[PDB]
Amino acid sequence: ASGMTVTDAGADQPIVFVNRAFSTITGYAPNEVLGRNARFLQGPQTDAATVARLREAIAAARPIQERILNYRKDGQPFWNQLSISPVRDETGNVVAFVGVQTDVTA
């Protein structure tokens, strides 16, 4: 089952919702992630260039797919097949971002 994260569009994209699978994958409870930028999932072995591509895509409200090394709450590394897309109204205003997170470590 794939994780889903919803963030606000503006002001450093704080998490506003995660599904159950997000907790299964990351080991974080909703309480522990709400109001935070998802970048806490990253650590020392996370690829800087991949993070840069995410940063620029989100700034431009551009859909992006990346395979990124993330870390469970307990510090265990896992490979995150991450898909982020802006949510737009019909006037093109960005209302939110949605992230789909799949553990592809195996």
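Position 1 is the first residue in the sequence shown; the rest follow in order.
K.L.:
Could you settle it for me: does 88 to 96 or 9 to 17 have the higher average Cα B factor in the PDB entry?
P.N.:
According to the entry, 88 to 96 carries the higher average C-alpha B-factor.
K.L.:
Sort the modelled residues of this chain by their C-alpha B factor and say whether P63 lands in the lowest, middle or highest third.
P.N.:
Answer is middle: the recorded C-alpha B-factor places it there.
K.L.:
Going by the entry, which third of its chain does the Cα temperature factor of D47 land in?
P.N.:
Tercile = lowest for this residue's CA B-factor.
K.L.:
Lowest, middle or highest third: where is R53 by Cα B-factor in its chain?
P.N.:
Its C-alpha B-factor belongs to the middle third of this chain's values.
K.L.:
Is the Cα B-factor recorded for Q76 in the lowest, middle or highest third of its chain?
P.N.:
Tercile = middle for this residue's CA B-factor.
K.L.:
Taking the C-alpha B-factors as the PDB entry records them, is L34 in the lowest, middle or highest third of its chain?
P.N.:
Ranked within chain, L34 CA B lands in the middle tercile.
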